[PDB]
Structures are given as structure tokens and as C-alpha cells.
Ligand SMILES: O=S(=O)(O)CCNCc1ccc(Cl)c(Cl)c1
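First, one chain by itself: the form solved without this ligand, in C-alpha cells.
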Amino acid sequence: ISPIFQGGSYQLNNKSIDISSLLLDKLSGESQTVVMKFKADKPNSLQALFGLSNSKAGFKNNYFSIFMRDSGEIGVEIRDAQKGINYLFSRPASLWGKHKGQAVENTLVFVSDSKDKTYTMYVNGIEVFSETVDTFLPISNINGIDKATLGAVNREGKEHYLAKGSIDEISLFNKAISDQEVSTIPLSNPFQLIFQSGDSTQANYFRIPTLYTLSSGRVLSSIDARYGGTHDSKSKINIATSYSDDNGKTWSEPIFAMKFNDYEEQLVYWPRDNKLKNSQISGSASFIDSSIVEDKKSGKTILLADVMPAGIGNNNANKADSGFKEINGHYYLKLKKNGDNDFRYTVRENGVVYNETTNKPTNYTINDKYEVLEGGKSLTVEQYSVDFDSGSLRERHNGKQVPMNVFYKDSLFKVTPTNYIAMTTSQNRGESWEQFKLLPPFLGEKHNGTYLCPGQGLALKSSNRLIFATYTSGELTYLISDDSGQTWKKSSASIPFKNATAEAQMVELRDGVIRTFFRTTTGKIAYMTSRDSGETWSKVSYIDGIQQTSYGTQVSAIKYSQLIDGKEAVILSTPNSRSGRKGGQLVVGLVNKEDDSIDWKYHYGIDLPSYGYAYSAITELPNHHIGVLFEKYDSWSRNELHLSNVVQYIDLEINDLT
């Protein structure tokens, strides 16, 4: 179909543009599509890009609009007072503002489909909403429409929602164009997607990105594939990975690094309304918060993540139990059998389930997948699926049998309901992953697992030492392995915070000198230093010059391989805002060789101060560019839950930052 209207290079400077003569008599039929390429790097708080309205006195509620907010939210209003219809559809965090010093051309496609009674919005090739209604209102059939407007809506002769921005191209069609046709519209995106809705994971949500450049030049990414909306555990969440062999230009179809199968892998549109948005999958085991490192000795890639048994998360995990029993200097996973009111069993060498009351072994064994065997035969459980067909969340058996796992709700033998850390390895740089193993407890029998710091582990340059940061109440607990992750020890470092979410990432400033940057509850990023390869740790200092909220946000950090201004450089990635998870920046610091102090000299704004930026991953690509994979939304805001395709990847050069 040809457009009935096409126009371009409109400048919106707080003054609307009338296109009524050009457009209104071209409108026909009850289905329409609007395609609009626009820039808005200095938006007003609330502004309309396009309006169709009845401008006459007494008809102020008869209009259609496409609007945005300076938070990056996009939406439409479709209103007719005589028909008794007032629709408002929107989604937060749907826009880009600037990239590399230049306003981004956003490509918006809005489809108004009378036959399917559905309104669908795409921005930058991402479907941000699709809503079906019982009573359809064609945007062309609003009673008394007499104005078509760019950069405002004319209501009763006055300009409402005045815009600052530009519309480089706008087209309208008297047809609801198909999803196929939409996908052929050229985009001008500053970002790409690695993980996305409808991919191999079948998770509709993604959180907690990581990146790591392997010695072969392959760039590996891990992520939480989150199924029950964006909620932290308790939920259903798997850990997925993808890699790039061309410096981040293209990425492999994702595979799982860690997965559970007690619940179906379902792509679900999680409700965003206030009544149901806290709906949470409550019977599923999950993984959460992954971290990756490469081992020089074995050549293996190592991935760690937290593990949550069925229905467990931070909120309800037993704080005073590691889930292990010490039996002469060795720790064994405890198990509770169906019917018991105590944990009367342990898992021993070769997976033999032992009875503790009698110190007898049983006829049960645990395989390498943590699955229950009886007499060597696989036991099974029935899988669950979730649905909202009743109008609220239901989790119901689905007729499919899967192997019985000790982390499952329905298992004959069940682990302690607390958090664990697991490890898996890959011998083919992310093409496949081994079955995970649990790490032992590090803080004793009666302390829950520490929490893994997401992102990267650290492989020291001059040895085979591997370090993963974790945190718990009152300290960072570094996990150290010198034998390819076969065995681990802890190195504890006190921090002046009780129950902080002290997410920490490390850089090696020089040989054996590690600086750890971490989240706090003070509004400043903190740091500490080791000069003995992680054995001992300095007191805590704070960075002034970067602001975080009271609750804080993960910070990612790398040591750049090249000198900047003749100095060694560290790059940090974090929101810079005392108010919310927004105003993303890369901050380049130069190391003072005399004392290892860091002068934070350059700040690069990843997008507008008001646009969302939360957890992030950064890596130096093999070509010395910087790859950034990040949550482009406010992941703390209870208004921005359950958004799809907000974890996004960009490529930057040092020259862009400085």
C-alpha cells in the first residue's frame, strides 16, 4: 500500500505544525498505520508528536494522539466523548534520546486495526504494546475531527502537549499493516539485541547482563532469562548465554548454561496493572545473578550463579542454614524426604543418599544433574505451567513428566529452602555447558550462601588464580580458586554496612593489585584494594563525583588495555543519579602510578539523564572498542516492571568517551 500522506523534515520548536489540509481528506476506512521517524534529545515533560483532534469548543475529549514523556515512555490516547470511549495505552522506557553526541532517529510504527480490534505500537523494531478492545475506536472516526497536527494536540483552539524535537519522516496508510510488513521498515537503531523475546530461551524478560572477552577473541554474554515477568526469585529463571565471534556485530542464538525443568519454558505477557503486577511464580526453582571468567590453565570458561530451590528467593530463604551438614571437615548436602519434619538425609560421595538417623545408606542416589534415582532408575515429577485464564495467576500440572530434581517442589527428597551458589564450565567457549555443581558453604554450617556479584570474575594476569566476588551481611566474601575451579577458599573483607546489596566488580590495576568497586547504601560507589592477589583487603573508600540512589545499583568495571592521556585507565559503567536508575554513564578514570589513586576525568552520557539505565556489563572488545550490554529502564521503579527487549547492546570507541 502507498501512503495517503508523506511529509518530512519538520522542526518542532514548541510550536505545532498544521497538516490538516494535506491529511484529513485523505483519511478513509477504519484501519490506519502511522510510521514516524523522529528525534527528541531535549523533550518537554509530556509532549505530543502527532495529533488528530476535534478543535471545537465543547469537544476537548475528542482526539487521537501519539505522545511521549521525558522518561522515555511512549503512548497513545484515543478519545471520543459521544462514543463514550477514553483509551490510553503506553509503555515506559520505549525511546532513545542521544548516542555518541547525536540525537537518535527513533522509528515508530502505530497500527490501528479495526478488523482485529487491536492497537499495536512498535518503536525501534520492538513491539511495546498490543491491546485488543471490545469496542474499537477508529482514529479516523472520532466525532468532528477537523485538525491534524504535528508537535501538539489542538484542543478548543489551544496547543496542548507542545513538543520539542523533529519529525524527519511521517507517513500514514489507510490499512493495518501486518507484522511482516512492519519488519521490512528500515530502522536507524543505535543498539542491538543479543537476547530478545521469542528467542530460543522463550523467556519474555531478561535481566542482569554480563560480558566477557575470551582469549580467542570470542565475546561471551550471560543473562537471567526471566519467565514470570522481571521479578527476582522466587520465580522461574534460567541462565542463558550467547557469544560473538565478530567483535559484537552478530550474536549466536542463545543456549542455557543453567536450567531447571520443573516448570515449562513459557513466553508470557506478564500483567502490568496495579492489581496483578506483583503476581509471582511461587512454586518454581530458579537461578539468578550469573558471573563468568576464563581459566588460562584448563582453557575452560567458568560460569557461576545463585541457585534457588522451588518457591525460594532472597525474601524467604533460610538465613541461618547453609543447607549442608559438616561430617568431619567435609560438607554434604542435606535432604528432607516426603513426610519427615526434619532433614534426616545427606548426599555423599558418588551421590549416595545417606540416612542420618541410622547412618545407613539408602537405595536412592543423586546423579550429576541433581536428579533422584531409585535403584539406578530415574524418578520423575509432573511439570507445571502458569496461566492467567482465571483472572489471576495459577500454577498447574501440565501432564508432562520430567526428571525428579532435589530442587523441585514435587521431589521425593528436597534440599534446604535457602540460597546456594553453583558453578558450570564450558570446554568449547560457550557452545555447550556442563551440568552444574554446588559450591560448598564458606561461612559455616549455619550461615546461608553468600550472594554472587553479577558480571565478571577476575583471572589474574600473572598466575592461574580465579576470583569471584560475592557479598553477605557485613562483608564481601571473595571466592578464590587456583585449580580451575576444582576447589575454592574464601577471603573475607569487612564493609561498614549491614545487609547491603554490595554488588562488587574487580579490576587488576597492575600485577597482583586488585581494586574492587561496589554498590553501597550511602549514595556513593565504594572501593577497596588488595596488593596480594586477593589474600588481604584495604579499608573502604568512596568515589566522589558519581551519584547513586540510597539503595544503589550494580556497577561494572574494566581495566582498559591502552594508555589514555599517557596513563593507565579504568572504565566504570553505572547510572549517575541520586534519584533513580537513569542517567547512564561510562566514567573513565586515570590511575596515579605514585599511589594508585584514580582521577575520574571523563564522563560519557550513554543517553539522556532522564532515560533509564540500571544493571550493566562492559568489556574491552578485541579491537579495543568498548561493548556495553545494559538494562535500559529503571529496574527499581514499580512503574517499569515487566518490560520486554530493554536489555540492549551498544558499541563505543574511546574517542566517543573522551
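For every residue, the number given is its place in the sequence shown, counted from 1.
The same protein also has a form solved in complex with this ligand, omitted here; what follows describes it.
In summary, the binding site of this form is open: after superposition of the surrounding C-alphas, this ligand from its pose in the deposited complex has no atom within 2.4 Å of backbone or C-beta atoms. This ligand in the deposited complex is approached by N314, whose closest heavy atom lies within 4.5 angstroms of it. Interface residue remark: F38 is not counted as part of the site for this ligand in the deposited complex, having no heavy atom within 4.5 Å. At a distance threshold of 4.5 angstroms between non-hydrogen atoms, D113 is out of contact with this ligand in the deposited complex. When this ligand is considered in the deposited complex, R207 lines it closely, a heavy atom lying within 4.5 Å.
Of the candidate stretches 344-352, 91-99, 435-443, 286-294, only 286-294 has residues with heavy atoms within 4.5 Å of this ligand in the deposited complex. For the marked spot (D232, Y471 and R519), a heavy atom within 4.5 Å of this ligand in the deposited complex is present in each of the three residues. Taking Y364, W251, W537, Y451 one by one, only a single residue has any non-hydrogen atom within 4.5 Å of this ligand in the deposited complex, and it is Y451. Residue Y615 is the only member of 609-627 with a non-hydrogen atom no more than 4.5 angstroms from this ligand in the deposited complex.
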